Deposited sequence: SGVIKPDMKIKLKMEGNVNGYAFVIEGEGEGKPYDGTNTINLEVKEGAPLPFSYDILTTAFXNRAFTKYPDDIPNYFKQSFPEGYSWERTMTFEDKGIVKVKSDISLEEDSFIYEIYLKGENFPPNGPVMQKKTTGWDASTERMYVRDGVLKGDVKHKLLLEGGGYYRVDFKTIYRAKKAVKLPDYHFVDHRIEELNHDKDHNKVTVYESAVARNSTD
């Protein structure tokens, strides 16, 4: 099919957080059937970013998910036409991020066109004060609503000094063709900043994702 065991990634994100504008380009690769992906990110406008890089990482593609044979794969079935997604991240201190991404396929490269807007983050909270220490492992509840796939996460951003900062994810995934719809299932995630430079001008993100009943 069009989804090969090794695939590349190209992305551009236009972002605005608490009114601060920025542009990020990424290049990476992954193993769609293994459910693993790596993206190398460079800030092109707005360096040094004046907020926590953790609020962007989950924006930088469920095509990279390991799926048991018996659970229909909403994402892989969508290609070559691909799919788009829109997401609201609601933070326990009333900060909010809204993301949309178009996922297309050019030969053996996924292409992501991302728009991100964050607002109402407390100026002295851990996002704007860069006091976050990465995402916990998560489980995303995947379920069909109105003919498209919804993903819900009760997520946690770890904090410097210990404990965590609650974030609810609601995502809507919209295939650009008729696909066999899965029953309700789970996707377990682990996302990691593998490395970065002093101001997160250059960041490498890794994610693994596996579907189970």
Deposited-sequence segments unaccounted for in the coordinates
1, 62, 216 to 218
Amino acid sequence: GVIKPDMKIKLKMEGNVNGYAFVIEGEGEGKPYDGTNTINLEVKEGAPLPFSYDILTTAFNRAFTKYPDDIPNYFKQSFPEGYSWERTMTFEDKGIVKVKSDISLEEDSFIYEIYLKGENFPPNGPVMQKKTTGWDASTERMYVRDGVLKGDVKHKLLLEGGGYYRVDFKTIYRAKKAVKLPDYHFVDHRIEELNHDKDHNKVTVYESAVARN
From here on, numbers count along this sequence of modelled residues.
On average, which has the higher Cα B-factor in the deposited entry, 9 to 17 or 189 to 197?
189 to 197
On average, are the C-alpha B-factors higher in 62 to 70 or in 177 to 185?
177 to 185
Assert third(CA B-factor, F51) within chain per record equals middle
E45, C-alpha B-factor rank within chain (lowest, middle or highest third):
middle
Going by the CA temperature factor in the PDB record, which third of the chain does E160 belong to: lowest, middle or highest?
highest
Comparing against every modelled residue in the chain, figure out the third that the C-alpha B-factor of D108 lands in (lowest, middle or highest).
highest
Which third, lowest, middle or highest, does the C-alpha temperature factor of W135 belong to within its own chain?
lowest
